[PDB]
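Peer 1: Pasting a structure below so you can have a look.
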Amino acid sequence: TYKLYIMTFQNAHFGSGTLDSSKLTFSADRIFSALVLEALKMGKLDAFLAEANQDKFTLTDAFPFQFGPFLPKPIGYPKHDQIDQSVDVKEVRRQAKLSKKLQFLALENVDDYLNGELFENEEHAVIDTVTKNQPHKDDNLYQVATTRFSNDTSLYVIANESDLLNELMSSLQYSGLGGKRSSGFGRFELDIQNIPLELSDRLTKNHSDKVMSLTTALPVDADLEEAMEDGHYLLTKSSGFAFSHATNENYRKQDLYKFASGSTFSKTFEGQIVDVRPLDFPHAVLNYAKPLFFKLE
RNA sequence: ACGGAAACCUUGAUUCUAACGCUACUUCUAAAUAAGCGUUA
């Protein structure tokens with residue numbers, strides 16, 4: 001809610017379940033895990049844990065940044081109250097398909113999207129697959145997907161201004177983000193920018209109006225009811241193998257189903273640093289689900 | 001405590017074999033090392 005962190009990538013790989021799958025943008029649990037690993041490699045893991053335990057710490061999923069912050073399409077607002085038209089069915093289905101394909105909108109027109117206007121996606125990155133082999137066992141021919149960006153398009157997140165977070169981001173920018181980081185993917189250059197006046201006044205965390213989430217956040221059990229009755233959302237898995245320097249064998253962490261972005265709700269909630277570690281495991285596995293919200297008209 | 005870790009698009013291959021810058025064409029055609037002896041004595 002304080003800064004507007006920008007990460008300019010050249011090549012990246014954000015696996016969505018397979019080595020040959022790469023999403024355009026990553027989720028906040030991935031960057032929180034990356035921060036946790038960088039902090040533990042630094043040695044100042046306890047300070048970052050204490051900072052994350054505070055309610056001031058807020059993080060959001062990466063969104064596209066092309067001469068202005070972008071926001072995920074608010075799932076649950078194709079509402080006919082602003083899209084009531086007398087056009088033919090062909091144009092109605094064409095605009096429905098165009099809105100379904102849309103995933104990100106520029107900040108300057110997000111409310112315009114809520115006025116019935118129709119916008120198209122913009123060229124942000126090309127996702128291409130590369131085949132690689134192992135020239136000692138002539139059976140492995142594995143494919144890796146990338147997210148090669150273009151047109152000065154970066155990724156951005158919103159988080160509090162902290163010196164520990166600043167230095168952690170600076171160490172992240174030479175350590176990569178997601179995927180085969182020691183192969184030419186994930187690396188970025190960081191820039192710190194101020195939140196625009198048209199955006200900072202909308203980033204909220206505590207009130208009872210229509211809020212669109214910015215983080216893949218699973219609410220606490222106390223207030224899930226309000227997200228169930230009057231909440232529009234999408235369900236995203238967070239499975240995978242838990243990285244661990246303490247166990248020789250790789251353990252699958254517990255599959256957890258969160259709420260995607262931008263899921264719309266009628267009231268805000270509280271996130272969880274949920275322990276997705278398997279049983280009998282020495283150290284925790286922290287999954288970050290803490291929402292930053294956006295007010296709607 | 002990042003659907004993540006590890007992984008060479010790698011090994012072997014001669015732009016090589018055959019093929020006369022060759023066939024025909026006189027440095028040729030006429031031509032005396034030769035002509036004039038004045039005037040004075």
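Every chain in the structure tokens has a letter given in the order shown (A, B, ...), and although residue numbers restart at 1 in each chain, ligands are simply numbered from 1 in the order shown.
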Pick out the chain B residues within 7 Å of chain A. Count only C-alpha atoms (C1' of nucleotides). Give them as a PyMOL selection string.
Peer 2: chain B and resi 1-4+7-10
Peer 1: Go ahead and compute the interatomic distance for CA of residue 161 in chain A and CA of residue 61 in chain A, in Å to one decimal.
Peer 2: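 Here the two named atoms are 16.7 Å from each other.
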Peer 1: Can you list, as a PyMOL selection string, every protein, DNA or RNA residue that comes within 10 Å of residue 199 in chain A when you count only C-alpha atoms (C1' of nucleotides), leaving out same-chain residues fewer than 3 positions away?
Peer 2: chain A and resi 1+69+107-108+195-196+202-203+294-295
Peer 1: Those residues you just picked out, can you put them in a file as an mmCIF file, in the first residue's frame with N, CA and C atoms?
Peer 2:
```cif
data_model
loop_
_atom_site.group_PDB
_atom_site.id
_atom_site.type_symbol
_atom_site.label_atom_id
_atom_site.label_comp_id
_atom_site.auth_asym_id
_atom_site.auth_seq_id
_atom_site.Cartn_x
_atom_site.Cartn_y
_atom_site.Cartn_z
ATOM 1 N N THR A 1 0.820 -1.201 0.000
ATOM 2 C CA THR A 1 0.000 0.000 0.000
ATOM 3 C C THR A 1 0.853 1.249 0.000
ATOM 4 N N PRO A 69 0.478 1.091 -14.247
ATOM 5 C CA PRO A 69 0.079 -0.107 -13.636
ATOM 6 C C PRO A 69 -1.190 -0.676 -14.298
ATOM 7 N N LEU A 107 -4.767 0.983 -15.536
ATOM 8 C CA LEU A 107 -5.338 1.613 -14.344
ATOM 9 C C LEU A 107 -6.275 2.760 -14.707
ATOM 10 N N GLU A 108 -5.903 3.543 -15.726
ATOM 11 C CA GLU A 108 -6.630 4.753 -16.083
ATOM 12 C C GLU A 108 -8.041 4.486 -16.594
ATOM 13 N N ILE A 195 3.416 5.232 -5.882
ATOM 14 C CA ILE A 195 2.061 4.883 -6.305
ATOM 15 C C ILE A 195 1.352 6.126 -6.830
ATOM 16 N N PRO A 196 0.724 6.070 -8.015
ATOM 17 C CA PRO A 196 0.020 7.248 -8.536
ATOM 18 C C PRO A 196 -1.155 7.641 -7.656
ATOM 19 N N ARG A 202 -7.253 4.216 -3.692
ATOM 20 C CA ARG A 202 -8.139 3.075 -3.855
ATOM 21 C C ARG A 202 -7.659 1.816 -3.159
ATOM 22 N N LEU A 203 -6.363 1.702 -2.875
ATOM 23 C CA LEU A 203 -5.859 0.507 -2.213
ATOM 24 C C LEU A 203 -6.279 0.537 -0.754
ATOM 25 N N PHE A 294 -8.931 -3.439 -3.807
ATOM 26 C CA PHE A 294 -9.161 -2.310 -4.696
ATOM 27 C C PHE A 294 -10.637 -1.949 -4.632
ATOM 28 N N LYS A 295 -10.938 -0.679 -4.374
ATOM 29 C CA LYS A 295 -12.325 -0.248 -4.239
ATOM 30 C C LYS A 295 -12.973 -0.116 -5.604
#
```
Peer 1: From range 123-200 of chain A, collect each residue whose DSSP state is strand (DSSP E) and return the set as a list in words.
Peer 2: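 These are the residues in question: residues 125, 126, 129, 130, 131, 132, 133, 141, 142, 143, 144, 145, 148, 149, 154, 155, 156, 188, 189, 190 and 191 of chain A.
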Peer 1: For the residues in that selection, give me N, CA and C atoms as a JSON list (two decimals), in the first residue's frame.
Peer 2:
```json
[["chain", "number", "residue", "atom", "x", "y", "z"],
["A", 125, "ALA", "N", 3.99, -10.18, -23.48],
["A", 125, "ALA", "CA", 5.06, -11.15, -23.60],
["A", 125, "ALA", "C", 4.65, -12.24, -24.57],
["A", 126, "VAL", "N", 5.65, -12.90, -25.14],
["A", 126, "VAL", "CA", 5.47, -14.09, -25.95],
["A", 126, "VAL", "C", 5.93, -15.31, -25.15],
["A", 129, "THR", "N", 8.34, -22.21, -26.35],
["A", 129, "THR", "CA", 8.93, -23.41, -25.78],
["A", 129, "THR", "C", 10.26, -23.70, -26.47],
["A", 130, "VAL", "N", 11.24, -24.15, -25.68],
["A", 130, "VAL", "CA", 12.55, -24.55, -26.17],
["A", 130, "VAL", "C", 12.81, -26.00, -25.75],
["A", 131, "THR", "N", 13.33, -26.77, -26.69],
["A", 131, "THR", "CA", 13.68, -28.16, -26.44],
["A", 131, "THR", "C", 15.16, -28.28, -26.09],
["A", 132, "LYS", "N", 15.46, -29.05, -25.05],
["A", 132, "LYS", "CA", 16.83, -29.29, -24.60],
["A", 132, "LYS", "C", 17.01, -30.78, -24.35],
["A", 133, "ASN", "N", 18.26, -31.22, -24.39],
["A", 133, "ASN", "CA", 18.56, -32.64, -24.27],
["A", 133, "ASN", "C", 19.71, -32.85, -23.31],
["A", 141, "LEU", "N", 14.57, -35.52, -23.62],
["A", 141, "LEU", "CA", 14.40, -34.41, -24.54],
["A", 141, "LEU", "C", 13.28, -33.59, -23.89],
["A", 142, "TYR", "N", 13.64, -32.66, -23.03],
["A", 142, "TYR", "CA", 12.67, -31.94, -22.21],
["A", 142, "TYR", "C", 12.42, -30.55, -22.78],
["A", 143, "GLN", "N", 11.18, -30.10, -22.66],
["A", 143, "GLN", "CA", 10.75, -28.82, -23.19],
["A", 143, "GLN", "C", 10.50, -27.85, -22.04],
["A", 144, "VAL", "N", 10.99, -26.62, -22.18],
["A", 144, "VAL", "CA", 10.85, -25.58, -21.17],
["A", 144, "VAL", "C", 10.15, -24.39, -21.81],
["A", 145, "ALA", "N", 9.11, -23.89, -21.15],
["A", 145, "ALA", "CA", 8.37, -22.74, -21.64],
["A", 145, "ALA", "C", 8.89, -21.46, -20.99],
["A", 148, "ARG", "N", 9.07, -14.55, -22.54],
["A", 148, "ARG", "CA", 9.90, -13.45, -23.03],
["A", 148, "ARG", "C", 9.11, -12.17, -23.29],
["A", 149, "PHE", "N", 9.37, -11.13, -22.49],
["A", 149, "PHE", "CA", 8.59, -9.90, -22.52],
["A", 149, "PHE", "C", 9.02, -9.01, -23.68],
["A", 154, "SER", "N", 6.97, -4.61, -18.00],
["A", 154, "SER", "CA", 7.54, -5.19, -16.79],
["A", 154, "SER", "C", 6.44, -5.81, -15.95],
["A", 155, "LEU", "N", 6.81, -6.32, -14.79],
["A", 155, "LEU", "CA", 5.85, -6.75, -13.79],
["A", 155, "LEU", "C", 5.95, -5.83, -12.58],
["A", 156, "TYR", "N", 4.84, -5.66, -11.88],
["A", 156, "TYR", "CA", 4.86, -4.77, -10.73],
["A", 156, "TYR", "C", 4.09, -5.41, -9.59],
["A", 188, "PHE", "N", 15.74, -10.25, -13.29],
["A", 188, "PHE", "CA", 15.07, -8.98, -13.51],
["A", 188, "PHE", "C", 15.91, -7.83, -12.97],
["A", 189, "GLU", "N", 15.55, -6.62, -13.38],
["A", 189, "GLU", "CA", 16.10, -5.39, -12.82],
["A", 189, "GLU", "C", 14.99, -4.66, -12.07],
["A", 190, "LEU", "N", 15.28, -4.21, -10.86],
["A", 190, "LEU", "CA", 14.27, -3.62, -9.99],
["A", 190, "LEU", "C", 14.30, -2.10, -10.07],
["A", 191, "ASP", "N", 13.12, -1.50, -9.99],
["A", 191, "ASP", "CA", 12.95, -0.07, -9.88],
["A", 191, "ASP", "C", 11.89, 0.23, -8.83]]
```
Peer 1: Measuring atom to atom with only C-alpha atoms (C1' of nucleotides), identify which of A:274, A:291, A:94, A:182 is nearest to residue 6 in chain B.
Peer 2: A:182
Peer 1: Apply DSSP to the backbone of this structure and, from range 14-223 of chain A, keep only the residues in alpha helix (DSSP H); write these as a PyMOL selection string.
Peer 2: chain A and resi 28-42+45-53+89-101+110-113+163-172+197-200
Peer 1: For residue 12 in chain A, list every protein, DNA or RNA residue within 6 Å, evaluated using only C-alpha atoms (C1' of nucleotides), and leave out those in the same chain fewer than 2 positions away; present the list as a list in words.
Peer 2: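 The residues that qualify are residues 146, 147, 185 and 186 of chain A.
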Peer 1: Can you spit out the residues from that selection as an mmCIF file, in the first residue's frame, using N, CA and C atoms?
Peer 2:
```
data_model
loop_
_atom_site.group_PDB
_atom_site.id
_atom_site.type_symbol
_atom_site.label_atom_id
_atom_site.label_comp_id
_atom_site.auth_asym_id
_atom_site.auth_seq_id
_atom_site.Cartn_x
_atom_site.Cartn_y
_atom_site.Cartn_z
ATOM 1 N N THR A 146 8.848 -20.370 -21.741
ATOM 2 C CA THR A 146 9.356 -19.082 -21.284
ATOM 3 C C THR A 146 8.267 -18.022 -21.382
ATOM 4 N N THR A 147 8.587 -16.811 -20.940
ATOM 5 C CA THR A 147 7.653 -15.690 -20.927
ATOM 6 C C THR A 147 8.382 -14.445 -21.409
ATOM 7 N N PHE A 185 16.685 -17.919 -16.889
ATOM 8 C CA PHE A 185 15.309 -17.489 -16.705
ATOM 9 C C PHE A 185 15.131 -16.881 -15.321
ATOM 10 N N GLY A 186 14.174 -15.963 -15.217
ATOM 11 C CA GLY A 186 13.730 -15.415 -13.958
ATOM 12 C C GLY A 186 14.389 -14.120 -13.527
#
```
Peer 1: Within 9 Å of residue 290 in chain A, counting only C-alpha atoms (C1' of nucleotides), which residues show up once you throw out same-chain ones fewer than 2 positions away? Write them as a ChimeraX atom specification, please.
Peer 2: /A:28,57-60,215-219,269-273,288,292
Peer 1: Any chance you could export the current selection's N, CA and C atoms as an mmCIF file, in the first residue's frame?
Peer 2:
```cif
data_model
loop_
_atom_site.group_PDB
_atom_site.id
_atom_site.type_symbol
_atom_site.label_atom_id
_atom_site.label_comp_id
_atom_site.auth_asym_id
_atom_site.auth_seq_id
_atom_site.Cartn_x
_atom_site.Cartn_y
_atom_site.Cartn_z
ATOM 1 N N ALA A 28 1.674 -14.156 -5.592
ATOM 2 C CA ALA A 28 2.372 -13.566 -4.456
ATOM 3 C C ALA A 28 2.980 -14.613 -3.539
ATOM 4 N N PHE A 57 2.426 -5.579 6.819
ATOM 5 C CA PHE A 57 2.978 -6.211 5.625
ATOM 6 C C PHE A 57 1.860 -6.620 4.676
ATOM 7 N N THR A 58 1.870 -6.040 3.477
ATOM 8 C CA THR A 58 0.912 -6.376 2.438
ATOM 9 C C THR A 58 1.651 -6.639 1.131
ATOM 10 N N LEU A 59 1.176 -7.627 0.392
ATOM 11 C CA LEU A 59 1.782 -8.036 -0.864
ATOM 12 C C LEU A 59 0.664 -8.384 -1.816
ATOM 13 N N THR A 60 0.932 -8.243 -3.115
ATOM 14 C CA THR A 60 -0.007 -8.515 -4.186
ATOM 15 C C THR A 60 0.668 -9.280 -5.315
ATOM 16 N N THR A 215 -4.511 -10.149 -4.496
ATOM 17 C CA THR A 215 -3.613 -11.217 -4.091
ATOM 18 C C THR A 215 -4.381 -12.524 -4.146
ATOM 19 N N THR A 216 -3.681 -13.612 -4.462
ATOM 20 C CA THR A 216 -4.245 -14.947 -4.350
ATOM 21 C C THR A 216 -4.331 -15.288 -2.864
ATOM 22 N N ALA A 217 -5.406 -14.837 -2.220
ATOM 23 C CA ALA A 217 -5.523 -14.875 -0.770
ATOM 24 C C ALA A 217 -6.698 -15.744 -0.355
ATOM 25 N N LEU A 218 -6.453 -16.644 0.593
ATOM 26 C CA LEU A 218 -7.486 -17.467 1.188
ATOM 27 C C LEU A 218 -7.888 -16.853 2.516
ATOM 28 N N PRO A 219 -9.137 -16.408 2.659
ATOM 29 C CA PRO A 219 -9.602 -15.851 3.935
ATOM 30 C C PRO A 219 -9.567 -16.785 5.112
ATOM 31 N N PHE A 269 -11.283 -9.185 4.207
ATOM 32 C CA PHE A 269 -11.005 -10.267 5.131
ATOM 33 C C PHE A 269 -9.543 -10.233 5.553
ATOM 34 N N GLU A 270 -9.127 -11.278 6.275
ATOM 35 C CA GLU A 270 -7.749 -11.421 6.719
ATOM 36 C C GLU A 270 -7.104 -12.639 6.062
ATOM 37 N N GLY A 271 -5.821 -12.504 5.703
ATOM 38 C CA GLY A 271 -5.080 -13.578 5.083
ATOM 39 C C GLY A 271 -4.469 -14.539 6.087
ATOM 40 N N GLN A 272 -3.740 -15.517 5.549
ATOM 41 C CA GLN A 272 -3.062 -16.531 6.342
ATOM 42 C C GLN A 272 -1.676 -16.805 5.776
ATOM 43 N N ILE A 273 -0.705 -16.900 6.679
ATOM 44 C CA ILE A 273 0.591 -17.514 6.363
ATOM 45 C C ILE A 273 0.430 -18.985 6.728
ATOM 46 N N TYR A 288 1.741 -17.869 1.396
ATOM 47 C CA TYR A 288 1.291 -16.515 1.693
ATOM 48 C C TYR A 288 -0.033 -16.251 0.993
ATOM 49 N N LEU A 292 -4.538 -7.603 -0.679
ATOM 50 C CA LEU A 292 -4.636 -6.162 -0.851
ATOM 51 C C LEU A 292 -5.828 -5.877 -1.751
#
```
